[PDB]
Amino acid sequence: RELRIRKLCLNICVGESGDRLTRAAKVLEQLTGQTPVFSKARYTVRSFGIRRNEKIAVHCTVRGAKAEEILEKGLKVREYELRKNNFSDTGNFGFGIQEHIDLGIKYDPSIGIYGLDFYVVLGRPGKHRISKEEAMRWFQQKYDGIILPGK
């Protein structure tokens, strides 16, 4: 009752600039009501066709009621079930889902399917550190969530 969501970050990876990237931006706009920011490759990676500094992904930060809602959609897709691996030592956590359509976005054969990354940074409604275990029982109590053993 005294631990809150500070922000939810979302990210869709494509790997190169073009149609599929720009469509991943739209998906984030539809899903989120905000404009996403394109990410650039940190390194070129020959065997994956990645070039340094190329736009290759899109991300968006959401706060407040919007963040809670999107998180819930994500958790429902995951059936409210994460692993201890998903929880950082900082008291934050994240996870992925295979298909964005499962949040309730319509499938378009033109668009295709996107994987989606979630990262949730927690905070206190006020600087005392949030442990990995506090975030775990927060998730367990607030969402009746299940945290599978570490793999």
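For every residue, the number given is its place in the sequence shown, counted from 1.
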Please say, as none, 1 to 3, 4 to 9, or 10 or more, how many residues of the deposited sequence are without coordinates in the interval between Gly104 and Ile105.
none
When the C-alpha temperature factors are averaged for each of 34 to 42 and 114 to 122, which stretch ends up with the higher value in the entry?
34 to 42
The stretch carrying the higher mean Cα B factor in the deposited entry, 25 to 33 or 90 to 98, is 25 to 33
Going by what the PDB entry lists, where does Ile5 fall on CA B-factor within its chain: lowest, middle or highest third?
middle
Please rank the C-alpha B-factors of the chain's modelled residues and tell me whether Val62 sits in the lowest, middle or highest third.
middle
Please place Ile130 in the lowest, middle or highest third of its chain according to the CA B-factor in the PDB entry.
highest
